[PDB]
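Going letter by letter, the sequence shown gives residues 36 to 107, 163 to 416, 424 to 561, 570 to 584, 613 to 696, 713 to 790, 820 to 1169 in the authors' numbering. Using N, Cα and C, we set each Cβ at its ideal position, and we do this for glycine too. Inspection log for the structure reproduced underneath, given as C-alpha cells.
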Amino acid sequence: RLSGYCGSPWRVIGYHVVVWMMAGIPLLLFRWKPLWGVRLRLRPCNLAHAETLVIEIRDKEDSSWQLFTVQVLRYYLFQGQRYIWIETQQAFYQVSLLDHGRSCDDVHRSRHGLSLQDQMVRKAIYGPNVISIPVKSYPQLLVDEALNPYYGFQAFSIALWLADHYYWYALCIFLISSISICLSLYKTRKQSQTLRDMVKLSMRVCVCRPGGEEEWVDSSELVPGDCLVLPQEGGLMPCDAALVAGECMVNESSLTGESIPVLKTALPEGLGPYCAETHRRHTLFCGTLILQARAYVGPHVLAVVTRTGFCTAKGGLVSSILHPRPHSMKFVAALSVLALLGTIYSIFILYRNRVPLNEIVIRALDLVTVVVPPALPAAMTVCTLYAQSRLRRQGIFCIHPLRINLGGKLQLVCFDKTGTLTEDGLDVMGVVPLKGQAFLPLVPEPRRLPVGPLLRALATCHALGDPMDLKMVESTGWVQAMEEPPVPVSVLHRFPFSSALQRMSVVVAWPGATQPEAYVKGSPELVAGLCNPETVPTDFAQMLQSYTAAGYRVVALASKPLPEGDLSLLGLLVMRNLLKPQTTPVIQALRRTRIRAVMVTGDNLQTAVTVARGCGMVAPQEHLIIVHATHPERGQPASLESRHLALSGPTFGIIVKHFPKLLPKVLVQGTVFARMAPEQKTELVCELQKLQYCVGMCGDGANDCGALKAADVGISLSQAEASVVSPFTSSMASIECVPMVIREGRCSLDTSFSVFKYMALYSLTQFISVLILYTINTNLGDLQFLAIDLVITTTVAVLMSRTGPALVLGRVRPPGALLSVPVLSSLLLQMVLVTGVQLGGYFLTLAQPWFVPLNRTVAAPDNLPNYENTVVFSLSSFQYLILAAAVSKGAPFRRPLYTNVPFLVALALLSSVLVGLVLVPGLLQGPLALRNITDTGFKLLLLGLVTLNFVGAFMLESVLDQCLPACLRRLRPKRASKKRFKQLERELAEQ
Ligand code: ALF
Ligand SMILES: [Mg+2]
C-alpha cells in the first residue's frame, strides 16, 4: 500500500492546553476520522525531521490512524510494526531483515556470536523478543465499544423517559443494558487475557559470546544477530534461527499441522542473497518443537538468529487477525425521515388545538423515541442466547452470540485434513507383501494374516509416545506378549532412532529353541539395496512411486538370523489417514444442498487429491494447476489427473501476484489448496471475503488459526490455544457438528427477521396510533403504556425465540436481506391494512349514538376517563396480537407453529383477558382509568371487526407467502448483480 506520513511536534506552549480542554467536548463525534480535530488545534507546518504526533493521509486507501512517537533514536508503533528514523536517509523505514536493501551469506557466517557492545542499540531498534499484547482498562473498553450513535440515542431516550413518569420501564431498560455492557466487557477482557497468556512465553535459552563462553539468559534478551544453541533434548522454539552447521530433526506442526519430522540441513554454500522463502530446507521457522539435534563439528550446534518478534510471522499473524479483520444502514434512516415528517405534523396540530405552552418539546420527542424502539437489541439477542443455550445442551460451546445471526448465510465451508476430517495419529491395517519374494502389486491385506517370524517382527519392532507403534501393537493382536499362543518372546535392548542413521534396529536374544532373529525398520531403498545379495528385487520402485503419488507412507522391514551387515526383506508396511465414515454423508448433504465445500491443507497436493477422491469432493473430474517457476517470463501449463481446480503454496502465490487478471475465476473454480501457509491462508480468506463470500473456516490445529479468525465464522475442535477468539467450539471431534450449526444459524436468522418485521410493524402502528390520538387531542396513561410494553414485548421476546431448527438441511437458504422486495411489499401491505382497519372503528363510533362527548380544553393526561382513548387502547392492544400472530412463522425451515405450546397458551390467555376486559366491566379496569362502557352491540361489532381483520391478515399472509409476482414477473432477471453468480455463469459459458 502506498501511503505517506507527516507532522510536527509542537506549536507553542501556552493556551493550547485550554484550547484542547475546551474543544474536547465534540470528541464524541470527532472520534471517527480525528485527523480534522487534530489539525484544527495542534498542527504546525514546518520541517518534518523530528515528529511526535503522526497522522495518516489517504493516498490509495480510506483510513485514519493516530500514532504516538516515543523517544528511546526515535520511533513509533503502527499495527505492531516498528518504524525507526534514519538521519542519513531522511525517511522512515520498517524494522525487519535487511533483505530489501542488500543481503548476502557472508554476514551470516561472520555473525558468529556478538559481544555486549552493539546489543543495546539493536535491542532498542528491533524491540523485545516477547510479543507485547496491548491491554486496555475498563474505561478504555467503554469508550471503544460504547458512544456509538445507537447508544447515544438510547441514552437520550432513557433521559427523556426519566423526564416523564416512565421511571419503572426506563430503569429496567437501563439495568438490562448495563448488565449486557458488563457482560460484553468481561467477555472481551477474558479474551484479551487468554490471548496475552497464550502469545506470551518465557524460557531459558543459551546465547553464545565471543571468546568461548556461553551464558543462560531470558528469551526476551534475544536480539536478531546473536548465536542460539538448540538443546539436545529439545524444547519450544522462541525465535527464528538459521542452521550454520549440522542437521536437526524438527516438528513443523505449528505451521503445517502434521507431527512428522522435517529435514533441516545447514548452509554449506555462500555468496548468495537470503530470501528466507526459497531456503526453507536450510532454515527453520519459530514456534517449532525441537525433536533431535546434532552436529558433525563443534561440541554444540551453531545457529544464528536472524529475526525475532513481528518479523518471522509470529507477531505478523496476530497483527493480521487483530487490526485488518473484516441490511444495516437504511431501515433506521428510512424510519428517521418518516419520524421527522410525523413529529413536525404533530407540532402543527398541537399549536392549533390547545397551544400546550411549551409542552410540545415533550410530546414530539415522545413520538420520536416511540418510532425507534429501544427494545430491539434485547429482542434480537434473546434468540441468540437461546440458540447458544441449545448448542451448549447439544455439546457446542459458543462465546460470541452476535455471530449466530451471521452464521445463517454460510455458502463456503473449509475442511482441514489432519484433525478435522481425519485423526491426528497414523494407523495401520496390515502388510501388503505377504511374502518376501517381491510379490506383485495388489489390494492391501488386513492384519492377522502373517504368522511366525513375520508376526513376531511386526509385533516386537517398536520403540515403546509414538502413535504408530501403539496402532501396530493394537492391530497385531498381541498385548512380553501373552496369548501368542507359543512361548512368549522377550527383548533385551533396542537402538534409539537418530538423524545419522535412518534405520531403527532391534536385537532379540530370546532363549527359544529356534535361532533368534534381529528386525530393523527404516527407509525401504536402503534395506532393498542392502538385501540385494540375499534376495533379488522385482517391481520395487513402482510400489514406492505409487504410494508416494497416492499419499502413503512406506515402511520396510528386514530380518537377519544371529547365533547390520546382511539383511533380508520380508514385507512393506503402509500407512493411511483413516478417513472417518461420517465424513462422506456430511459432504454428500452439503453438495446436495448446493453448499460449496473446499479443502485447505498444508501437505503436498498428491495427498490432497487422494483425500478428495476418497471422500468424494470431486465427482465429475479433478484438475491440477501448477506453474513453471516464480521468475518472470513464466507459463501456465495444463495438467490432467462443474470444474474443480487444485493449487499449491507457490502456485497460489503466483496466482495472487496476478490479482488484476483471472483471479476471480481461480477463486470460484478452485477448491483444493495444498501447502498453504498461515499467512497465505489468511490472505486467501480475505480475498474470498472480498468477493462477497461467506467463508467459514473449520479447523483444530494452530496453523490455520489465522484463517479461522479472519473468516466470518470459525468452528474450533479439539480445544487448545487456537480456540480463544473463534465463536463456535464443539467438544466432540465429529464432523457432523457442521449441519447442526448451519441449521441453528438459519433458524436464528429467520427468527431475527421475524422479530425485526414485528418490531417495525409495532413501531409503525404505535406511530399512527399516536397520530390519531393527537388528532383527537388525548394521550394514553403511563400505566397502560408500561403494562403493554411489558406483557406484550417481553412475552413475545421470551416465547417466540424457543422455536428450534428444521429437521434436515434446506434446499434454499433463507433471505439475508432486510430490504428485499417481498419483505418490504408484505410489510407495506400489512401496514396499509392495519391503518385502514384501525381508524375505521373511530369513524364508525362517530356515527353511532354517542353520549357525554369529551371536551378538548383540558390537558391530555387529564381528560380520562373517555371513550376515544379507551377504544384506541383496545384497538391497539388487539392489533398488537394480530400482528404477533401474523408475523409468526416457522413452517419452511423451523419447527411447526402448533408445536409451540407455551406461545399458543400465552396468546390464548391474552385473548381471553382482552375479551374479558372488553365485554364485562368491573374488577379489571379500576387502575386503567377507563369509561367502562356497557354497550353490548358495540362490543359485538368490535369482536366482529377483530375477527374479520384476523381472517384478512391470514389471507394476506397466505397470498404474500407465494411471492408469485416477485418471481414470475422478474423481467429483467437478477443478472448484472451477485458477482458470484456472474462468475459462475461466465465460467460455465466460456467452458
Ligand atoms: F493440519 Al492442516 F492444514 F493439514 F491444518
Ligand atoms: Mg489440522
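Are the CB atoms of residue i and residue j nearer to each other than 8 Å?
i: residue 687; j: residue 680; result: yes
i: residue 538; j: residue 675; result: yes
i: residue 1170; j: residue 876; result: Past the edges of the chain, shown from 36 to 1169, lies residue 1170, and the structure says nothing about it.
i: residue 639; j: residue 627; result: yes
i: residue 169; j: residue 343; result: no
i: residue 896; j: residue 911; result: yes
i: residue 887; j: residue 411; result: yes
i: residue 395; j: residue 308; result: no
i: residue 12; j: residue 1107; result: Shown here, the chain extends from 36 to 1169; a query on residue 12 therefore has no answer.
i: residue 1017; j: residue 966; result: no
i: residue 824; j: residue 857; result: no
i: residue 1019; j: residue 974; result: no
Below 7 Å, is the gap between the Cβ of residue i and the nearest heavy atom of ligand 2?
i: residue 878; result: yes
i: residue 515; result: yes
i: residue 347; result: yes
If you measure from the CB of residue i, is any heavy atom of ligand 1 nearer than 7 Å?
i: residue 234; result: no
i: residue 884; result: no
i: residue 960; result: no
i: residue 191; result: no
i: residue 967; result: no
i: residue 863; result: no
i: residue 463; result: no
i: residue 749; result: yes
i: residue 665; result: no
i: residue 341; result: no
i: residue 196; result: no
i: residue 881; result: yes
i: residue 752; result: yes
The beta strand (DSSP E) spanning residue i covers which residue range?
i: residue 516; result: Element bounds for residue 516: n/a, residue is neither H nor E.
i: residue 678; result: Segment 674-682 is the alpha helix (DSSP H) holding residue 678; no beta strand (DSSP E) there.
i: residue 1117; result: Premise fails: residue 1117 lies in the alpha helix (DSSP H), 1114-1138, not in any beta strand (DSSP E).
i: residue 184; result: 181-184
i: residue 877; result: 873-877
i: residue 626; result: 624-627
i: residue 351; result: 351-354
i: residue 450; result: Note, residue 450: premise wrong, no beta strand (DSSP E); alpha helix (DSSP H) at 428-450.
Check each candidate in the options and name the one with the smallest Cα separation from residue i.
i: residue 747; options: 848, 716, 662 and 734; result: 848
i: residue 992; options: 61, 931, 388 and 581; result: 931
i: residue 1072; options: 528, 1064, 982 and 238; result: 982
i: residue 837; options: 853, 301, 866 and 822; result: 866
i: residue 659; options: 489, 671, 232 and 691; result: 691
i: residue 1133; options: 984, 190 and 1008; result: 1008
i: residue 365; options: 193, 53 and 75; result: 193
i: residue 846; options: 518, 228 and 870; result: 870
i: residue 320; options: 310, 335 and 311; result: 335
i: residue 469; options: 202, 938 and 962; result: 938
i: residue 742; options: 987, 724 and 1035; result: 987
i: residue 1044; options: 1074, 1053 and 1029; result: 1029
i: residue 329; options: 248, 853 and 373; result: 373
i: residue 73; options: 85, 46 and 97; result: 46
i: residue 744; options: 492, 736 and 750; result: 736
i: residue 204; options: 313, 255, 1090 and 235; result: 313
From which residue to which residue does the alpha helix (DSSP H) around residue i run?
i: residue 242; result: 239-253
i: residue 921; result: 915-954
i: residue 691; result: Unbroken run through residue 691 is the beta strand (DSSP E), 687-694; no alpha helix (DSSP H).
i: residue 502; result: 500-503
i: residue 113; result: Since the model of the chain includes 107 and then 163 but nothing between them, residue 113 has no atomic positions to report.
i: residue 71; result: 70-76
i: residue 891; result: Run containing residue 891: none in the alpha helix (DSSP H); it sits in the beta strand (DSSP E), 891-894.
i: residue 258; result: 257-289
For residue i, is the beta carbon positioned less than 7 Å from some heavy atom of ligand 3?
i: residue 223; result: Annotation note on ligand 3: not contained in the displayed structure, which lists ligand 1 and ligand 2 as its ligands.
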